[PDB]
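Asker: The file below is run_33.cif, mmCIF, C-alpha atoms and all ligand atoms; chains and numbers go by the auth columns:
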```cif
data_query
loop_
_atom_site.group_PDB
_atom_site.id
_atom_site.type_symbol
_atom_site.label_atom_id
_atom_site.label_comp_id
_atom_site.label_asym_id
_atom_site.label_seq_id
_atom_site.Cartn_x
_atom_site.Cartn_y
_atom_site.Cartn_z
_atom_site.B_iso_or_equiv
_atom_site.auth_seq_id
_atom_site.auth_asym_id
ATOM 1 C CA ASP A 1 89.323 72.021 106.036 0.00 154 U
ATOM 2 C CA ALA A 2 90.545 71.302 109.545 0.00 155 U
ATOM 3 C CA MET A 3 87.890 71.594 112.271 0.00 156 U
ATOM 4 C CA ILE A 4 88.271 72.017 116.053 0.00 157 U
ATOM 5 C CA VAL A 5 85.571 72.484 118.675 0.00 158 U
ATOM 6 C CA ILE A 6 86.428 73.821 122.172 0.00 159 U
ATOM 7 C CA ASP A 7 84.417 74.579 125.296 0.00 160 U
ATOM 8 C CA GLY A 8 84.353 77.862 127.215 0.00 161 U
ATOM 9 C CA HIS A 9 87.723 77.101 128.836 0.00 162 U
ATOM 10 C CA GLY A 10 89.644 76.345 125.652 0.00 163 U
ATOM 11 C CA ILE A 11 89.449 72.586 126.021 0.00 164 U
ATOM 12 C CA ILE A 12 89.317 70.572 122.837 0.00 165 U
ATOM 13 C CA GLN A 13 86.020 68.801 122.501 0.00 166 U
ATOM 14 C CA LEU A 14 86.057 67.556 118.903 0.00 167 U
ATOM 15 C CA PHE A 15 89.028 67.316 116.555 0.00 168 U
ATOM 16 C CA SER A 16 88.489 66.319 112.912 0.00 169 U
ATOM 17 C CA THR A 17 90.560 63.914 110.769 0.00 170 U
ATOM 18 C CA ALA A 18 91.945 66.714 108.623 0.00 171 U
ATOM 19 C CA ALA A 19 92.930 68.476 111.880 0.00 172 U
ATOM 20 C CA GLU A 20 94.962 65.431 112.947 0.00 173 U
ATOM 21 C CA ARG A 21 96.792 65.461 109.598 0.00 174 U
ATOM 22 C CA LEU A 22 97.301 69.195 109.822 0.00 175 U
ATOM 23 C CA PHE A 23 98.519 69.377 113.413 0.00 176 U
ATOM 24 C CA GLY A 24 99.874 65.879 113.910 0.00 177 U
ATOM 25 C CA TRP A 25 97.859 64.992 117.005 0.00 178 U
ATOM 26 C CA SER A 26 95.397 62.139 116.928 0.00 179 U
ATOM 27 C CA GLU A 27 91.825 62.751 117.997 0.00 180 U
ATOM 28 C CA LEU A 28 92.306 61.066 121.422 0.00 181 U
ATOM 29 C CA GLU A 29 95.535 62.916 122.098 0.00 182 U
ATOM 30 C CA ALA A 30 94.037 66.252 121.120 0.00 183 U
ATOM 31 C CA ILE A 31 90.752 65.909 122.991 0.00 184 U
ATOM 32 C CA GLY A 32 90.912 67.186 126.547 0.00 185 U
ATOM 33 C CA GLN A 33 94.041 69.189 125.813 0.00 186 U
ATOM 34 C CA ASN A 34 93.784 72.985 125.796 0.00 187 U
ATOM 35 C CA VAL A 35 93.598 74.551 122.278 0.00 188 U
ATOM 36 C CA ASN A 36 96.784 76.578 123.037 0.00 189 U
ATOM 37 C CA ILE A 37 98.908 73.458 122.427 0.00 190 U
ATOM 38 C CA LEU A 38 98.224 74.319 118.782 0.00 191 U
ATOM 39 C CA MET A 39 99.958 77.717 118.815 0.00 192 U
ATOM 40 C CA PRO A 40 103.412 79.031 119.781 0.00 193 U
ATOM 41 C CA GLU A 41 104.224 81.628 122.410 0.00 194 U
ATOM 42 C CA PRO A 42 103.556 84.349 123.196 0.00 195 U
ATOM 43 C CA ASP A 43 99.982 83.472 122.126 0.00 196 U
ATOM 44 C CA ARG A 44 99.921 80.118 123.874 0.00 197 U
ATOM 45 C CA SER A 45 100.217 81.586 127.364 0.00 198 U
ATOM 46 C CA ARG A 46 97.698 84.283 126.584 0.00 199 U
ATOM 47 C CA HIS A 47 94.989 82.311 124.788 0.00 200 U
ATOM 48 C CA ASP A 48 93.137 81.563 128.024 0.00 201 U
ATOM 49 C CA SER A 49 93.016 85.303 128.772 0.00 202 U
ATOM 50 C CA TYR A 50 91.631 85.961 125.269 0.00 203 U
ATOM 51 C CA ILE A 51 88.861 83.405 125.729 0.00 204 U
ATOM 52 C CA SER A 52 88.469 84.776 129.263 0.00 205 U
ATOM 53 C CA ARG A 53 88.230 88.362 128.088 0.00 206 U
ATOM 54 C CA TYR A 54 85.455 87.586 125.634 0.00 207 U
ATOM 55 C CA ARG A 55 83.557 85.309 127.999 0.00 208 U
ATOM 56 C CA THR A 56 83.506 88.083 130.555 0.00 209 U
ATOM 57 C CA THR A 57 82.839 91.154 128.385 0.00 210 U
ATOM 58 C CA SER A 58 80.444 89.606 125.883 0.00 211 U
ATOM 59 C CA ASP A 59 82.203 91.956 123.493 0.00 212 U
ATOM 60 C CA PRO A 60 83.337 90.101 120.308 0.00 213 U
ATOM 61 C CA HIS A 61 86.768 90.697 118.796 0.00 214 U
ATOM 62 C CA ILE A 62 87.299 87.805 116.403 0.00 215 U
ATOM 63 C CA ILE A 63 83.952 85.956 116.421 0.00 216 U
ATOM 64 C CA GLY A 64 82.890 85.242 112.839 0.00 217 U
ATOM 65 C CA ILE A 65 85.897 87.242 111.601 0.00 218 U
ATOM 66 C CA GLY A 66 88.490 85.138 109.838 0.00 219 U
ATOM 67 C CA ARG A 67 92.133 86.075 110.449 0.00 220 U
ATOM 68 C CA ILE A 68 95.546 84.705 109.502 0.00 221 U
ATOM 69 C CA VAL A 69 97.599 83.278 112.355 0.00 222 U
ATOM 70 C CA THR A 70 100.635 81.137 113.029 0.00 223 U
ATOM 71 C CA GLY A 71 99.751 77.601 114.157 0.00 224 U
ATOM 72 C CA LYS A 72 102.053 74.933 115.592 0.00 225 U
ATOM 73 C CA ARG A 73 102.337 71.280 114.684 0.00 226 U
ATOM 74 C CA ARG A 74 103.165 68.505 117.100 0.00 227 U
ATOM 75 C CA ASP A 75 106.800 68.430 115.900 0.00 228 U
ATOM 76 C CA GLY A 76 107.370 72.062 116.852 0.00 229 U
ATOM 77 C CA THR A 77 107.104 73.496 113.322 0.00 230 U
ATOM 78 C CA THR A 78 104.937 76.577 112.836 0.00 231 U
ATOM 79 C CA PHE A 79 102.769 77.545 109.863 0.00 232 U
ATOM 80 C CA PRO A 80 100.385 80.326 108.749 0.00 233 U
ATOM 81 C CA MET A 81 96.725 79.312 108.600 0.00 234 U
ATOM 82 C CA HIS A 82 93.412 81.076 108.012 0.00 235 U
ATOM 83 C CA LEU A 83 91.112 80.778 111.015 0.00 236 U
ATOM 84 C CA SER A 84 87.390 81.510 111.539 0.00 237 U
ATOM 85 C CA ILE A 85 85.492 80.648 114.708 0.00 238 U
ATOM 86 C CA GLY A 86 81.744 80.386 115.183 0.00 239 U
ATOM 87 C CA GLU A 87 80.089 80.576 118.586 0.00 240 U
ATOM 88 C CA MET A 88 77.516 77.956 119.485 0.00 241 U
ATOM 89 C CA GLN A 89 75.526 76.985 122.551 0.00 242 U
ATOM 90 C CA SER A 90 74.966 73.451 123.696 0.00 243 U
ATOM 91 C CA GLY A 91 73.843 72.007 127.031 0.00 244 U
ATOM 92 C CA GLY A 92 73.716 75.527 128.460 0.00 245 U
ATOM 93 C CA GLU A 93 77.415 76.219 127.963 0.00 246 U
ATOM 94 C CA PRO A 94 79.153 78.084 125.062 0.00 247 U
ATOM 95 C CA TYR A 95 81.304 76.215 122.509 0.00 248 U
ATOM 96 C CA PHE A 96 83.534 77.621 119.731 0.00 249 U
ATOM 97 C CA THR A 97 84.042 75.949 116.387 0.00 250 U
ATOM 98 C CA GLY A 98 87.109 76.880 114.387 0.00 251 U
ATOM 99 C CA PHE A 99 87.805 76.199 110.715 0.00 252 U
ATOM 100 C CA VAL A 100 91.378 76.089 109.660 0.00 253 U
ATOM 101 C CA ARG A 101 92.716 76.558 106.147 0.00 254 U
ATOM 102 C CA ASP A 102 96.384 75.719 105.796 0.00 255 U
ATOM 103 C CA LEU A 103 98.259 78.526 104.011 0.00 256 U
ATOM 104 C CA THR A 104 101.834 77.174 103.917 0.00 257 U
ATOM 105 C CA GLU A 105 101.664 76.405 100.192 0.00 258 U
ATOM 106 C CA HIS A 106 100.460 79.947 99.570 0.00 259 U
ATOM 107 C CA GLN A 107 103.220 81.386 101.747 0.00 260 U
ATOM 108 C CA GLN A 108 105.852 79.327 99.900 0.00 261 U
ATOM 109 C CA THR A 109 104.569 80.212 96.457 0.00 262 U
ATOM 110 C CA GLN A 110 104.620 83.911 97.452 0.00 263 U
ATOM 111 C CA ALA A 111 108.056 83.758 99.088 0.00 264 U
ATOM 112 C CA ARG A 112 109.436 81.941 96.034 0.00 265 U
ATOM 113 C CA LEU A 113 107.900 84.359 93.503 0.00 266 U
ATOM 114 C CA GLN A 114 109.542 87.143 95.485 0.00 267 U
ATOM 115 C CA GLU A 115 112.933 85.488 95.588 0.00 268 U
ATOM 116 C CA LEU A 116 112.966 84.914 91.805 0.00 269 U
HETATM 117 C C1 LIG B . 95.802 77.500 116.739 0.00 301 U
HETATM 118 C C2 LIG B . 96.144 78.953 116.392 0.00 301 U
HETATM 119 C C3 LIG B . 95.435 80.078 117.199 0.00 301 U
HETATM 120 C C4 LIG B . 95.969 81.275 117.525 0.00 301 U
HETATM 121 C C5 LIG B . 97.348 81.803 117.173 0.00 301 U
HETATM 122 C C6 LIG B . 94.960 82.035 118.176 0.00 301 U
HETATM 123 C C7 LIG B . 95.127 83.335 118.571 0.00 301 U
HETATM 124 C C8 LIG B . 94.157 84.146 119.137 0.00 301 U
HETATM 125 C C9 LIG B . 94.267 85.556 119.489 0.00 301 U
HETATM 126 C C10 LIG B . 95.498 86.409 119.234 0.00 301 U
HETATM 127 C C11 LIG B . 93.128 85.928 120.076 0.00 301 U
HETATM 128 C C12 LIG B . 92.700 87.336 120.523 0.00 301 U
HETATM 129 C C13 LIG B . 92.802 88.365 119.412 0.00 301 U
HETATM 130 C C14 LIG B . 92.127 89.689 119.746 0.00 301 U
HETATM 131 O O1 LIG B . 92.328 90.138 120.937 0.00 301 U
HETATM 132 O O2 LIG B . 91.428 90.219 118.897 0.00 301 U
HETATM 133 C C15 LIG B . 92.239 84.767 120.075 0.00 301 U
HETATM 134 C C16 LIG B . 90.947 84.719 120.575 0.00 301 U
HETATM 135 C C17 LIG B . 90.168 83.593 120.694 0.00 301 U
HETATM 136 N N1 LIG B . 90.483 82.382 120.148 0.00 301 U
HETATM 137 FE FE1 LIG B . 92.154 81.845 119.280 0.00 301 U
HETATM 138 N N2 LIG B . 93.808 81.259 118.350 0.00 301 U
HETATM 139 C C18 LIG B . 94.089 80.043 117.756 0.00 301 U
HETATM 140 C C19 LIG B . 93.139 79.069 117.572 0.00 301 U
HETATM 141 C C20 LIG B . 91.885 79.047 118.158 0.00 301 U
HETATM 142 C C21 LIG B . 90.867 77.967 117.940 0.00 301 U
HETATM 143 C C22 LIG B . 91.090 76.732 117.061 0.00 301 U
HETATM 144 C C23 LIG B . 89.774 78.330 118.603 0.00 301 U
HETATM 145 C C24 LIG B . 88.342 77.753 118.574 0.00 301 U
HETATM 146 C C25 LIG B . 88.241 76.226 118.537 0.00 301 U
HETATM 147 C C26 LIG B . 90.075 79.593 119.240 0.00 301 U
HETATM 148 C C27 LIG B . 89.242 80.259 120.066 0.00 301 U
HETATM 149 C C28 LIG B . 89.356 81.567 120.419 0.00 301 U
HETATM 150 C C29 LIG B . 88.373 82.303 121.133 0.00 301 U
HETATM 151 C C30 LIG B . 87.093 81.710 121.688 0.00 301 U
HETATM 152 C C31 LIG B . 88.861 83.541 121.314 0.00 301 U
HETATM 153 C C32 LIG B . 88.174 84.707 121.979 0.00 301 U
HETATM 154 C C33 LIG B . 87.318 85.487 120.946 0.00 301 U
HETATM 155 C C34 LIG B . 87.220 86.947 121.255 0.00 301 U
HETATM 156 O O3 LIG B . 87.875 87.337 122.261 0.00 301 U
HETATM 157 O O4 LIG B . 86.545 87.672 120.501 0.00 301 U
HETATM 158 N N3 LIG B . 91.355 80.038 118.941 0.00 301 U
HETATM 159 N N4 LIG B . 92.898 83.704 119.509 0.00 301 U
#
```
Starting from the file, lay out its structure as structure tokens.

Answerer:
Amino acid sequence: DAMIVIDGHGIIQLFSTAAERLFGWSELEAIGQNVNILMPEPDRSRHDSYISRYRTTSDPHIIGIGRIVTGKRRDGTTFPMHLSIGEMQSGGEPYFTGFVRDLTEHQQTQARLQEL
């Protein structure tokens, strides 16, 4: 699906091919950018606090729990996507791997069936 790996500060570490197609950023452009560039406000400005809250409390909220959210493409367009993150440790520091399943087609099919 699309895959993104970030470090404990929300910085993109790895960014898969399918992620590039989905979000519109190339791997080099994406890497080193904060994961919040992938979501609209008000979430964008808060994401760091979310990662910060968890880091500090050690109390999971959305770890291993998939939820539907609104993502943002490079061109400004937004779209619903299913997201699940796994926590992993490497080199002593924590990393988070997210799997994204695009849901636009589902949202359109559902909107359309409702309209008809
Ligand atoms: C691109 C669309 C995304 C949106 C809209 C989004 C939104 C959110 C929200 C609302 C929260 C906190 C929810 C709560 O308090 O229960 C959160 C937490 C978090 N997100 Fe995201 N996120 C996005 C993508 C990502 C990705 C791709 C990663 C991992 C590579 C990620 C990593 C995290 C982490 C580490 C937390 C903290 C977990 C916790 O507090 O339990 N997010 N996100």

Asker: Could you work out an axis-aligned bounding box for all listed atoms of ligand LIG 301 (chain U), with 5 Å added on each of the six sides, and give its centre and edge lengths in Å to one decimal, as lines of an AutoDock Vina configuration file?

Answerer:
```
center_x = 91.9
center_y = 83.2
center_z = 119.3
size_x = 20.8
size_y = 24.0
size_z = 15.9
```

Asker: Can you list every residue of chain U that has an atom at most 6 Å from ligand LIG 301 (chain U), with its nearest atom pair and the distance in Å to one decimal, using only C-alpha atoms and all ligand atoms, ordered by chain then number, as CSV?

Answerer:
```
residue,atom,partner,partner_atom,distance
U:157,CA,U:LIG301,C25,4.9
U:158,CA,U:LIG301,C25,4.6
U:159,CA,U:LIG301,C25,4.7
U:191,CA,U:LIG301,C1,4.5
U:192,CA,U:LIG301,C1,4.7
U:196,CA,U:LIG301,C5,5.9
U:200,CA,U:LIG301,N4,5.8
U:203,CA,U:LIG301,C16,4.9
U:204,CA,U:LIG301,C32,4.0
U:206,CA,U:LIG301,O3,5.9
U:207,CA,U:LIG301,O3,4.2
U:213,CA,U:LIG301,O4,4.0
U:214,CA,U:LIG301,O4,3.5
U:215,CA,U:LIG301,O4,4.2
U:216,CA,U:LIG301,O4,5.1
U:222,CA,U:LIG301,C5,5.0
U:223,CA,U:LIG301,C5,5.3
U:224,CA,U:LIG301,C2,4.5
U:238,CA,U:LIG301,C24,5.6
U:249,CA,U:LIG301,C24,4.9
U:250,CA,U:LIG301,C25,4.7
U:251,CA,U:LIG301,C25,4.4
```

Asker: Output C-alpha atoms of each residue in that selection to a file, as a tab-separated table (two decimals), in the frame of the given file.

Answerer:
```tsv
chain	number	residue	atom	x	y	z
U	157	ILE	CA	88.27	72.02	116.05
U	158	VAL	CA	85.57	72.48	118.68
U	159	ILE	CA	86.43	73.82	122.17
U	191	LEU	CA	98.22	74.32	118.78
U	192	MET	CA	99.96	77.72	118.82
U	196	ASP	CA	99.98	83.47	122.13
U	200	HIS	CA	94.99	82.31	124.79
U	203	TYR	CA	91.63	85.96	125.27
U	204	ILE	CA	88.86	83.40	125.73
U	206	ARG	CA	88.23	88.36	128.09
U	207	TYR	CA	85.46	87.59	125.63
U	213	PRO	CA	83.34	90.10	120.31
U	214	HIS	CA	86.77	90.70	118.80
U	215	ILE	CA	87.30	87.80	116.40
U	216	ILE	CA	83.95	85.96	116.42
U	222	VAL	CA	97.60	83.28	112.36
U	223	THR	CA	100.64	81.14	113.03
U	224	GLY	CA	99.75	77.60	114.16
U	238	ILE	CA	85.49	80.65	114.71
U	249	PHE	CA	83.53	77.62	119.73
U	250	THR	CA	84.04	75.95	116.39
U	251	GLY	CA	87.11	76.88	114.39
```

Asker: One decimal, Å: what's the distance from atom CA of residue U:168 over to atom CA of residue U:209, could you say?

Answerer: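 Atom-to-atom, atom CA of residue U:168 to atom CA of residue U:209, that is 25.6 Å.
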
Asker: Atom CA of residue U:247 to atom CA of residue U:199: how many Å, to one decimal?

Answerer: 19.6 Å

Asker: Pick the closest to residue U:188 from U:210, U:233, U:162, U:267: which is it, counting only C-alpha atoms?

Answerer: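 Selected residue with least distance to residue U:188: U:162.
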
Asker: If the PyMOL selection byres (((chain U and resi 254) around 8) and not hetatm) were run on this exact file, what residues would it hold? Put them as a list in words.

Answerer: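 On this input, the PyMOL selection byres (((chain U and resi 254) around 8) and not hetatm) captures residues 154, 155, 234, 235, 236, 252, 253, 255 and 256 of chain U.
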
Asker: For atom CA of residue U:208 and atom CA of residue U:173, quote the distance in Å rounded to one decimal.

Answerer: 27.4 Å

Asker: I'd like to know which of U:164, U:241, U:269, U:190 is closest to residue U:177, using all atoms listed in the file.

Answerer: U:190

Asker: Set the distance at 9 Å and use all atoms listed in the file: which residues neighbour residue U:186 once local chain neighbours fewer than 3 positions away are removed? I'd like the list as a PDB file with C-alpha atoms, in the frame of the given file.

Answerer:
```pdb
ATOM      1  CA  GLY U 163      89.644  76.345 125.652  1.00  0.00           C
ATOM      2  CA  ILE U 164      89.449  72.586 126.021  1.00  0.00           C
ATOM      3  CA  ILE U 165      89.317  70.572 122.837  1.00  0.00           C
ATOM      4  CA  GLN U 166      86.020  68.801 122.501  1.00  0.00           C
ATOM      5  CA  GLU U 182      95.535  62.916 122.098  1.00  0.00           C
ATOM      6  CA  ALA U 183      94.037  66.252 121.120  1.00  0.00           C
ATOM      7  CA  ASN U 189      96.784  76.578 123.037  1.00  0.00           C
ATOM      8  CA  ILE U 190      98.908  73.458 122.427  1.00  0.00           C
TER       9      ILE U 190
END
```
